[PDB]
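# Analysis of the macromolecular model
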Amino acid sequence: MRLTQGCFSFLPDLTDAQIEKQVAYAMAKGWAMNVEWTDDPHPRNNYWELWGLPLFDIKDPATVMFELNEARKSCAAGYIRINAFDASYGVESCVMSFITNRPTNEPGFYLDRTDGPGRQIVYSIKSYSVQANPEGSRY
Amino acid sequence: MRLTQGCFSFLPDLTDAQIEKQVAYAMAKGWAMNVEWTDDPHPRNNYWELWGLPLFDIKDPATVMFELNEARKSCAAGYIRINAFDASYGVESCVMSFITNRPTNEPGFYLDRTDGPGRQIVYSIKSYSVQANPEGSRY
Amino acid sequence: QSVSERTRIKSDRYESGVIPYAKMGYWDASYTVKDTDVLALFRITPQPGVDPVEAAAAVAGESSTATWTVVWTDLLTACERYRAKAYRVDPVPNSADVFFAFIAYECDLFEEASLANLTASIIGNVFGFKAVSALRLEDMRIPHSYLXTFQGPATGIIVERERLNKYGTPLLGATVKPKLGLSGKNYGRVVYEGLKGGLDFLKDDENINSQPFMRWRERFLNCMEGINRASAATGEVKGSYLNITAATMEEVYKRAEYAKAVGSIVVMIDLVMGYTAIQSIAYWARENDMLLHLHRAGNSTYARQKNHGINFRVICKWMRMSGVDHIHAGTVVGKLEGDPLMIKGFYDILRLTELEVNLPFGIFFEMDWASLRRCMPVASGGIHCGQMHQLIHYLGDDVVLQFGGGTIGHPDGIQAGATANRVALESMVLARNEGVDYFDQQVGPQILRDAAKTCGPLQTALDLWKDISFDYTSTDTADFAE
Amino acid sequence: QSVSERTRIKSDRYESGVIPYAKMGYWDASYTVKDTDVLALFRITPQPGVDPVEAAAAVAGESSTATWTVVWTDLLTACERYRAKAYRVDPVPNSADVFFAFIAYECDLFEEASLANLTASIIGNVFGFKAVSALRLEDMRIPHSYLXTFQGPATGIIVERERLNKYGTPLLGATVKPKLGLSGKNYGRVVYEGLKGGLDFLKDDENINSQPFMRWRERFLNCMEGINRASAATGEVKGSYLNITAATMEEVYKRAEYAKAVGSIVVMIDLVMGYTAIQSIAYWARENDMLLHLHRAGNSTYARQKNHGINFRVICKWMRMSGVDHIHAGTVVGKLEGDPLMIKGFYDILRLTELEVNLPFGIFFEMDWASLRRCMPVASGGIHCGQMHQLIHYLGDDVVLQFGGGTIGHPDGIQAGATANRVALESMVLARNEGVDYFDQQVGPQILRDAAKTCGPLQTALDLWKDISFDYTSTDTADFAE
Ligand SMILES: O=C(O)[C@@](O)(COP(=O)(O)O)[C@H](O)[C@H](O)COP(=O)(O)O
Ligand SMILES: O=C(O)[C@@](O)(COP(=O)(O)O)[C@H](O)[C@H](O)COP(=O)(O)O
Ligand SMILES: [Mg+2]
Ligand SMILES: [Mg+2]
């Protein structure tokens, strides 16, 4: 299965050059970029691993791209996204987030059903990758 | 007993000369005077009877005194009070009430006790004048 | 003679009898507005022979303290202070019998945190007055001080996206169809299919509450299965707007509590529930970690005509104050009334931190939102992915694009329908961000026909629907063009 | 070569390290104050060698967004918006190394309706800072927009006087004495006798709660018998402030509800219960038709000294916002600290609808009170009927004058004590309203001697106490004269 988190995931995996253009857009709008990694694809995994600090000062897309590829080369098999962050008043949040990397063999999830009161069901979404192996050796 | 409602009822009954001086003070502050009558002396009898309207466009203490004296002639034996209304933002209420007339003889009250739960008493204050005779013929 | 007669009020103002509302101190051409005033702009069509200032003052007075004849009881109050002031009257552009009337109300007139009380004064009686042939509340300036008594959105645009983990593209939805008749079982089917195919949300129709054909508990339980199945299949947070609209407030809560208990991220209410239930369920939604989607059912009974009613832009303000997280605000290009200019202003009111005067967008007053949270506009009704270039340009980023028929109508099934819409969307956004002139009549359709070459469901949706448009004249137009 | 080092922030402002708070953005001498800002005025005594402005910046920083070293996380927020700006540092008159520092705080820093939160920022940590040897909060401008989130007094002066049916003079009361030791039955005796003799109210002493010598229920029942006996004997509304101060919020409400159920017009609470217990009970008092009397226990632990703590005028602002109906605010001539100018400031703060700058009275900010109800000040502690002229002058009309020992220490009995106070009072006000120059050291004592020729009880209280004064230098004194 294809993990469809991120905002460009019904399109094909983005090229370096297509990512640079999205970075350019975000930098021209004043936003701060950062890169993050995980091998827990659970939809409620809010906190992927920071790759360094967000790049607030930077005036050139190539810097984000250079950091992306350094992260690519150091991190284990998994997922990397780039986020754009807007410190503006009345936003103060992520305004863009898309997957830059995804492992070849994502098995995905199964739905785990526990009986609640009456007909109610207690759902837990369970990842095959995560239950079989620890962080760093899941893909 | 002496009914000690009003703000000068621990002093002797006010003369007409003393009343006018308090009226004159209230009216120098820009307050609206009115005259009111009752023969129900109960503490919680908020609404005495209006002697006409409050005297809003009246600059002369002597006119106020005249309405006091006309209330005194026309009203059945009872109590008369004069109030001064302040209509200002922050107040919007009465700021001076005192008794101008009182009956010769006020029998007063008794405290009626009804058993409530536990040791609680349910209290009612009963006027002797009111229980014995209707309005207009209580004194 | 008698005391009543000696104590009659004899002043020009409080002598008994009818004087005009303008001579009762409800008109002042040089009132200076305070930052704590509630301001209202009215569009007043006075009756033949009624003075334009008189009708403006009449409206001021009967919405604050006045009545038709003079009362001595004014003088028990600080009556200078409580009286509203009609303070400006311009004629409406291109008409000499319709007027814009600005009226200012003192802050203390209004119960804190009560839209019920705000509306009781402002729309209570005055629209049915004889001296006025028509009357429309066009805009209001809700002052910071009144706004701070309200919750504003329960969740709001920012936190909503965080709970969803979805940032960068407009969000996506579909109303389940047919409107009525589906069993809870089949509802859960449609929700699973649509969500699995790419939609972030589905929703109950406004009129799906609890009926012989489908009782509400069945729908909720079956949709939850569908939702969690979708999220298990995609690794996305998913949901469906479970409708909690009901007859009584006790039933609404019961349904809200049921939604919460089985794990729903979102619930919907209809506007016909009314302002007091809305405020209740908006506090409830904050306290129980729930998204609150307002369907604006009934709005267009008062909102449609230009000569009379309430402009939807004021409903925007009131609903953002009460605290709903979503509200439908129009599409421009779909089946429901939407002039691009007015919709844009609606969207600004819902989304911005403050408003600057912009008469083309119908924004008559400047206004701070007092850090009340931002309300998510929803774009719904007879739209399809062939229009995606128009949707993005007109409606911007923070919005939920709903495609009930444009998903379910898809000949290759519901999953095909949803996928067509999301590819459409993502490619269009991708393109905008790259600098492409997506709104151009040539480029926009081409970006999608290019996207269709690698998405089968999209080609089909473009083939089926690309002629479809709802090219009709507006009723709610601006009085100032762009 | 490591990712940490390459993405290390290298800007002047967000690089790692200590930098002066005056460079962190917390000192801006040309900040334009907004109407929605919360303002504080602090009196700062910096340590030898610390720049005054840097101290003001430290206070502004450490009560808003700052810590001692620079943090990159500021950049995840709208940091520039949330910093408080010290906007004015001025020398204090006649102290050479002490300063007034005005600091502006953005409205959104503060939880709505929460005194706990306001104090958490404004007084939380900045007084224990080593770089400052002393710190005192002298005044605050609480903005209109913050004030509307608060209830204000449950009752307030206006509705309080309507419940008592008493207008035209100061109200009158007394603390029951001895402070500790009396049984329930005897408490009711004392209360009955004082109310019968003329006092509007008596009160439990602040440290009378529930104890081995008297458990609270016994006092409550017996006090109501005495209160209702006095009301029946006099035809006035009467009450006693039953103390509901307790260890836990559960017990305070139990006492409050007991007081309600038995028909008490009024309850009291001690400040030592703390702000959150206080806001709860102020809300309760609104909901349950109860007058709420605040005894200020512990206030002088921080309010007494000029160099350090919190001036009582700020406490006045805070308790009026929280919504107590009475607060003890000083006597001037009695046994407890109270400089005439400072007291009149406090009394103005609690009673006026707004405040103009009045530096001799210690009113450093102008401030609208946002139609929050007016709080009745209470003059209590070591006063007697022989000083009534001074009391009417310094304190005005809307006040409760309290004579505990000045009633119960009367040799002819508690009734006599009460009657003497009430005649002095009524006879003094009667004479003020007539135009008499009552405050003159001649004429004041003469108005009382006249009334004493026709009131045995008052004659006796003048002879007992006439030479009694508490003439000591004040600690809590003004910086500006007139
Ligand atoms: O009931 C309907 O018609 C819809 O379900 C649209 O379905 P389709 O998406 O299948 O057309 C929506 O409720 C309306 O668009 C609401 O109007 P508005 O958005 O103007 O409030
Ligand atoms: O405990 C006491 O001493 C009192 O009962 C006074 O009784 P007397 O009239 O018998 O002295 C009061 O609580 C003090 O006035 C409190 O001080 P403040 O009002 O300044 O907080
Ligand atoms: Mg629908
Ligand atoms: Mg005491």
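Residues numbered from 1 in each chain as written, not as in the entry; some residues may be left out. Chains lettered and ligands numbered in written order. Part of a larger assembly, values for the part shown. Heavy atoms only, no water. Residues with missing side-chain atoms left out of burial classes, pairs and counts.

Another point: the overall build of chain A. The secondary structure content of chain A amounts to 3 helices and 6 strands. The linear arrangement of helices and strands in chain A, starting from the amino end, is α-β-β-α-β-β-β-β-α. When its C-alpha atoms are laid out on the principal axes, chain A stretches across 55 × 35 × 25 Å. Residues classed as buried in chain A amount to 46% of the 139 residues present. Within chain A, contacts between residues at least 6 apart in sequence are counted, and of these 57% link residues at least 24 apart. By element, 50% of the accessible surface of chain A is carried by carbon and sulfur atoms, the whole surface being about 6600 Å². Averaging the coordinates of the 13 positive side-chain charges in chain A and doing the same for the 17 negative ones gives two points 7 Å apart. (Helix = DSSP H or I, 4+ residues; strand = E, 2+ residues; numbered from the N terminus. Buried < 20%, exposed > 50% of the residue type's maximum accessible area, 1.4 Å probe, protein only. Contact = heavy atoms within 4.5 Å. Areas by Shrake-Rupley, 256 points an atom, 1.4 Å probe, with all protein chains shown as cover. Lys, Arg positive; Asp, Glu negative; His and termini not counted. Charge placed at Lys NZ, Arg CZ, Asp CG, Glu CD.)

Residues and elements named next belong to chain C. Domain boundaries in chain C define domain 1 (23-150) and domain 2 (151-465). Listed as interface residues are 29 residues of domain 1 and, on the opposing side, 32 residues of domain 2. Contact with domain 2 buries area across many residues of domain 1, yet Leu115, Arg136 and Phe150 alone supply 26% of it, more than any other trio. Between domain 1 and domain 2 we count 2 salt bridges in total. With its nearest N and O atoms 2.7 Å apart, the salt bridge here joins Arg313 to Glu138. Our count for the domain 1 to domain 2 interface comes out at 16 residue pairs in polar contact. For the side of domain 1 that touches domain 2, the secondary-structure elements that each account for two or more residues are β1 (38-46), β3 (99-105), α4 (115-122), β4 (132-141) and α5 (144-147). For the side of domain 1 that touches domain 2, the leading source of residues is β4, giving 8 residues. The residue makeup of the side of domain 1 that touches domain 2, split by class, is 20 nonpolar, 4 polar and 5 charged. (Domains from an automatic or database assignment. Buried area = accessible area lost by both parts, 1.4 Å probe. Salt bridge = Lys/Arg side-chain N within 4 Å of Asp/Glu carboxyl O. Polar contact = N/O pair within 3.5 Å; in protein donor to acceptor, adjacent residues only side chain to side chain. Nonpolar A, V, L, I, M, F, W, Y, C, P; charged D, E, K, R; others polar.)

All names here are of chain D. As a structural note, the neighbourhood of ligand 2 is formed by 16 residues, with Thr175, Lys179, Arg296, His328 and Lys335 the closest of them. The contact in question runs from an oxygen atom of ligand 2 to an N or O atom on the side chain of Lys177, over 3.1 Å. Summarising the interface, the protein chains cover 89% of the accessible area of ligand 2, which totals 490 Å² for the free molecule. Of the residues that constitute the shell around ligand 2, the class distribution is 1 nonpolar, 9 polar and 6 charged. (Near = heavy atom within 4 Å.)

Metal coordination angles in their ideal form are 109.5 degrees for the four-donor tetrahedron and 90 or 180 degrees for the six-donor octahedron. Looking at the magnesium ion (ligand 4), the protein donor atoms are D:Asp205 (OD) and D:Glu206 (OE), and they sit 2.0 to 2.1 Å from it. A single burial state applies to D:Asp205 and to D:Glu206, both of which are buried. (Donors = N, O, S within 2.8 Å, 3.2 Å for Na, K, Ca; no water.)

Before going further, it helps to examine the sheet that holds strand β5 (residues 171-173) of chain C. All names here are of chain C. Taking strand neighbours across the sheet as the criterion, the 8 strands line up as β5-β15-β14-β11-β9-β8-β7-β6 in an open arrangement whose pairing is parallel. The open sheet has two edge strands, β5 and β6 (201-203), and neither has a second partner. Taking the axes of each pair of neighbouring strands and ignoring which way they run, one obtains an average angle of 25° across the sheet. As defined by bridge partners, strand β9 (residues 291-295) adjoins strand β11 (residues 326-328) across 2 bridges and the pair is classed as parallel. (Pairing = 2+ DSSP bridges. Axes fitted to C-alpha atoms, helices over the stretch in contact; angles between N-to-C directions.)

What follows is about the site of ligand 1. Residue and element names in this part refer to chain C. Surveying the vicinity of ligand 1 reveals 15 residues, the closest of which are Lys177, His328, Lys335, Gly382 and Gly405. In the environment of ligand 1, an oxygen atom lies 3.2 Å from a nitrogen or oxygen atom belonging to the side chain of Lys179. The contact in question runs from an oxygen atom of ligand 1 to an N or O atom on the side chain of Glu206, over 3.1 Å. Against a free-state accessible area of 490 Å², the protein chains account for coverage of 89% of ligand 1. Tallied by class, residues from the shell around ligand 1 come to 1 nonpolar, 8 polar and 6 charged.

What follows is about a nonpolar patch on the surface. Among the surface-exposed residues, C:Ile468, C:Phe470 and C:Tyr472 lie close enough to one another that they form a single nonpolar patch of about 340 Å² accessible area. By the secondary structure assignment, C:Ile468 is in the segment after α18 (456-465). (Patch = residues over 30% accessible without salt bridge, like charges linked within 9 Å, V, L, I, M, F, W, Y side chains within 5 Å.)

A separate point is the interface of chain B and chain D. One frequently used descriptor of interface size is the decrease in accessible area upon assembly of the parts. Taken together, the contact between chain B and chain D spans 37 residues of the former and 36 residues of the latter. Between chain B and chain D, roughly 3000 Å² of surface is buried when both sides are summed, and carbon and sulfur atoms account for 56% of that area. By the criterion of area lost to chain D, the three top residues of chain B are B:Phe10, B:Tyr89 and B:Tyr123, representing 21% of everything that side buries. For the pair chain B and chain D, the interface holds 1 salt bridge. A salt bridge links B:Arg113 to D:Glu225; the shortest N-O distance between them is 3.0 Å. Taken together, chain B and chain D are joined by 16 residue pairs in polar contact. Listing elements by their share of the side of chain B that touches chain D, those giving two or more residues are α1 (16-28), β4 (93-101), β5 (109-115) and β6 (121-127) of chain B.

Structural alignment of chain C on chain D gives an RMSD of 0.3 Å, achieved by rotating through 180° and translating 0.0 Å along the axis. In symmetry terms, the pair is related by a two-fold rotation axis. No C-alpha of chain C lies nearer the rotation axis than that of C:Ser145, which sits 2.1 Å from it. A high fraction, 100%, of the interface residues of chain C reappear at the interface in chain D, so the copies pair face to face through one surface. (Least-squares fit on C-alpha atoms.)

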